[PDB]
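Residue numbers (the deposited numbering), protein chains in the order written: chain D, 1 to 43, 61 to 205; chain C, 2 to 43, 56 to 206; chain B, 2 to 206; chain A, 1 to 207.
The beta carbon of each residue, even a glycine, is placed where N, CA and C say it ideally should be.
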Amino acid sequence: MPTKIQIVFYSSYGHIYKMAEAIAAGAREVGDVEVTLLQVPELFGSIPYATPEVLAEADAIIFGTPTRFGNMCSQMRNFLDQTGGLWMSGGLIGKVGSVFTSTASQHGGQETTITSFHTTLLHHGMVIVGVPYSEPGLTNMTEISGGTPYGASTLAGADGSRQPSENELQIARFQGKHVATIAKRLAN
Amino acid sequence: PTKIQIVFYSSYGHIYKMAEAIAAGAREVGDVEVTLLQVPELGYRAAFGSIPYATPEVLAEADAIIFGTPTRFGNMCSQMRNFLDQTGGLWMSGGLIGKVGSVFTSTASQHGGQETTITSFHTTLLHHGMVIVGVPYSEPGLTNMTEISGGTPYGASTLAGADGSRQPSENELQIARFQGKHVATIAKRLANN
Amino acid sequence: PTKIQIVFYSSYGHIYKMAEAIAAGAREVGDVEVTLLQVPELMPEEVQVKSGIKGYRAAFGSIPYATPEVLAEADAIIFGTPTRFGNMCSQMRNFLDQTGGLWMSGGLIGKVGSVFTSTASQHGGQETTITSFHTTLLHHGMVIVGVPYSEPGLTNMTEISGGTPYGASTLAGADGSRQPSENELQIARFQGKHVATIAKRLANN
Amino acid sequence: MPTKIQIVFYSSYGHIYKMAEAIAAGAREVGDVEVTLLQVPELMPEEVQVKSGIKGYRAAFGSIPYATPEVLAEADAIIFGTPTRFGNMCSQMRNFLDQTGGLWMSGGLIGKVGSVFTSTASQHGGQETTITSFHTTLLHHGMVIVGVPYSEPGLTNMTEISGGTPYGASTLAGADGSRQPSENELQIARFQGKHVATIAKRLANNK
Ligand SMILES: Cc1cc2nc3c(=O)[nH]c(=O)nc-3n(C[C@H](O)[C@@H](O)[C@@H](O)COP(=O)(O)O)c2cc1C
Ligand SMILES: Cc1cc2nc3c(=O)[nH]c(=O)nc-3n(C[C@H](O)[C@H](O)[C@H](O)COP(=O)(O)O)c2cc1C
Ligand SMILES: Cc1cc2nc3c(=O)[nH]c(=O)nc-3n(C[C@H](O)[C@H](O)[C@H](O)COP(=O)(O)O)c2cc1C
Ligand SMILES: Cc1cc2nc3c(=O)[nH]c(=O)nc-3n(C[C@H](O)[C@H](O)[C@H](O)COP(=O)(O)O)c2cc1C
């Protein structure tokens, strides 16, 4: 085709960035896909800034945002608030949408951040994909871990110093491959 | 054929009427098989008493499942909740993973759970690993501003009024037909690949 | 007195009109001080003027801007935001993202929090915008108040209307041309009075 | 008159019951208060209760009186406990609440404090969404919603796996229900009970 997977993210201290690398790695496990990383501007490198126009080109868009009190961050919100023209044109209708996040605390918006993000994706006419429980990481009870059936996640700790765990990255890779696979099936 | 199940609870018929519209829409897609299934209870229901009962096991046969429930204070009704609470074995084996899931509802008032009933339902569908489909704004009914209307981007809906005397409007039923066709199209694309 | 702050963002004035009604309701309770505050705009200068938003916003230009610090002084904060695809708008999001210091100091813990919104379509985030907003208020340790069904407006079935048990709302139509109805404003007044009453009861401990 | 707190819960294997006793202990700390635990009726067929072992586990708290919809009107605050079922409250709790249409139309719960706690098998399988979806129902009832403020240190624990959310206390049962509530989880529940009781008392003594 190739099937086009965009990973649109904002990262403050690298947790979402590292998770985005993992989502990307997973999507890249599926043949005939083109993975494009896009970063969200604040209010170097060759990761372009997301624009509303470019989102139209995707078959799937996987969004990553750190939480801000259980909602997506203002940087992501501001970017999405600029997609009214894209909405008017039906630009994302029928495309696969998926979300991953990061939080400071164990249950401070690990889930709510994602489900509230889903709302916006639904207004854009997207089909929503999370992480199924066929991924063993989701049921881990041996170590503190992110990862939700709604989408992958990581924990940054109170001071932002915690690095994403191998369990959390595995879940994100799973999410990427799963989203890419569904998108490819829908696109062919 | 692509298999679509429409699994619903209805007390006074509003959700049943919507389910028939969903079904009509689904059947507008080639090579699909659409089955209405009613959720067991824990006069109006006799008017559709020839619809078979849904069982948790049979869900595994569908490519898409479209769930209908009246609201109960912004959540699905207990009859539906009890049905879904019986899908633990199906969850264990990953029986609904990758199947298309979609929801429609009915409420008494204009903003008493027209949306929250559906989004809380989506939570459960995601635990089952389903692909969630709502109603895109390509459906004009969603932006109707000339009459009181159900219909949400999260899924179709109708309004029954305080006494339950209001019947689904043409606009609400057309939105439901669209959802049925939309879901069946997406499911067919998945089932064939 | 019991202090009620109504913090809002508005682009074309719908939320601002609802905010005035919320204020009016809150004032119906004795010994209350009600203050409107607005959040900073993020939209580029040229976009504001090109979209006609600059003109509408200039209408309420005299309203002071909220700051994180000032929020501490309230007994209740009622937040108004237009929906953006079923979430609060980025202007409100950015203001709240600046309240980390306030969060660390537990500055809004035990305060009454409440929300109202505005949407283009009948069921395009009339409810989900508000419930997602509640999430944030809970992280701040706020007590959440909506609109009880003792307000008859919530069950009106004779005319298209905003108003939810989660918080008041209005509908702006596809072109934004619809203005708040009397039913919608009445529900907002009730919300304001209901919130103020709860806040007063809690504050006078 | 004493502030009245009801803790209304469903439990299959006892996790929610244990959290409920911790919530109650916390509520009792405020003084001039009456805290009552009430359980909702079981829906599971008798044979299933027996073969699943649930009959036996529930018997451990079988003497807790059963809540009825009308009794809820007696409380200043109601704290609801439910295990998650795929990120919603369980059907037992749902059926009980579906029976509160009378209270709803009479405004019987308006202005009362409502609060929620939960239990899940996995770390992020509905620890939050079960609670936020519950809040929807409580808002239809016109209740004042209270969660758990971050003044509770347990919420930011990053040394051990723990439940506890700013939306309400929670515990983790593990994939097979083998995990029992931790001290951290019970501490958070205790705080929730005290916090809810404090808010309710302030509202109650200011009629
Ligand atoms: C970028 C953008 C996205 C919007 N998305 C929706 C939407 O998805 N659903 C909806 O019903 N209204 C939507 N609206 C409409 C509004 O929220 C807004 O026009 C209306 O509430 C006016 O409030 P205000 O005059 O205070 O700004 C959107 C508006 C904008 C600018
Ligand atoms: C303003 C602000 C508010 C936050 N509030 C919460 C919160 O309430 N609960 C929580 O668990 N984490 C909260 N966080 C934590 C972050 O989201 C965390 O820093 C993030 O996961 C870091 O990932 P990043 O490096 O990609 O930005 C907050 C962070 C910020 C900046
Ligand atoms: C116990 C109960 C609680 C209800 N609560 C609400 C409510 O809070 N908000 C609302 O808008 N409708 C509420 N309803 C109304 C319905 O959901 C309505 O009867 C339904 O749409 C009927 O569809 P059906 O005929 O297919 O069962 C409630 C109904 C019942 C029985
Ligand atoms: C039908 C069913 C579905 C469940 N689904 C989930 C789930 O999706 N996510 C989760 O984390 N736990 C899930 N659980 C596990 C429980 O909720 C857990 O066993 C419960 O908290 C035990 O509390 P109790 O002993 O008070 O009943 C499910 C349990 C059952 C029976």
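Paired residues, beta bridge with residue i - DSSP
| i | result |
| --- | --- |
| D:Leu172 | D:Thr120 |
| C:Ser115 | C:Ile79 |
| C:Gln6 | C:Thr36, C:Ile78 |
| C:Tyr66 | C:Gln39 |
| A:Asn88 | A:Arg85 |
| D:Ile145 | D:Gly114, C:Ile145 |
Residue span of the alpha helix (DSSP H) that contains residue i, given as start and end
| i | result |
| --- | --- |
| A:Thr159 | That residue, A:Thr159, is in no alpha helix (DSSP H); it is neither H nor E in DSSP. |
| D:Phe134 | 129-140 |
| D:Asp98 | Segment: none, D:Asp98 is in no alpha helix (DSSP H) and carries neither H nor E. |
| C:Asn184 | 183-204 |
| B:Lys18 | 15-28 |
| A:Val50 | 46-52 |
Cβ of residue i within 8 Å of any chain C Cβ
| i | result |
| --- | --- |
| B:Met19 | no |
| D:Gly107 | yes |
| D:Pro149 | yes |
| B:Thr129 | yes |
| B:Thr156 | yes |
| A:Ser52 | no |
CB contact below 8 Å: residue i versus chain A
| i | result |
| --- | --- |
| C:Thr120 | no |
| D:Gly125 | yes |
| C:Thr82 | no |
| C:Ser91 | yes |
| D:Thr165 | yes |
| B:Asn206 | yes |
Contact test: residue i Cβ vs ligand 1 heavy atom, cutoff 7 Å
| i | result |
| --- | --- |
| A:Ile64 | no |
| B:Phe86 | yes |
| C:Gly102 | no |
| B:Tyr13 | yes |
Residue i to residue j span [Cα, whole Å]
| i | j | result |
| --- | --- | --- |
| A:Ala22 | C:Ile188 | 48 Å |
| A:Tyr17 | C:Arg190 | 45 Å |
| C:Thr159 | B:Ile161 | 8 Å |
| D:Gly111 | D:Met19 | 25 Å |
| B:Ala67 | D:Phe117 | 31 Å |
| C:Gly101 | C:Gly62 | 27 Å |
| D:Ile145 | D:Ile131 | 11 Å |
| A:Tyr13 | A:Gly53 | 9 Å |
| C:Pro166 | D:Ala77 | 19 Å |
| D:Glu70 | D:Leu38 | 12 Å |
| B:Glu185 | B:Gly164 | 6 Å |
Check: residue i C-beta below 7 Å from any heavy atom of ligand 4
| i | result |
| --- | --- |
| A:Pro83 | yes |
| A:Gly125 | yes |
Any non-hydrogen atom of ligand 3 within 7 Å of residue i CB
| i | result |
| --- | --- |
| A:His140 | yes |
| C:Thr120 | yes |
| A:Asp98 | yes |
| B:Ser151 | no |
| C:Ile16 | yes |
| C:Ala173 | yes |
| B:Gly147 | no |
Residue interval of the beta strand (DSSP E) (run including residue i)
| i | result |
| --- | --- |
| B:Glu34 | 33-39 |
Interface flag, residue i vs chain B, CB-CB below 8 Å
| i | result |
| --- | --- |
| D:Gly87 | yes |
| C:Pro153 | no |
| C:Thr171 | no |
| A:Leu139 | yes |
| C:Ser63 | no |
beta-carbon residue i near ligand 2 non-hydrogen atom, thresh 7 Å
| i | result |
| --- | --- |
| A:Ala169 | no |
| D:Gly177 | yes |
Within-8 Å CB hit, residue i to chain D
| i | result |
| --- | --- |
| B:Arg179 | no |
| A:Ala175 | yes |
| B:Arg94 | yes |
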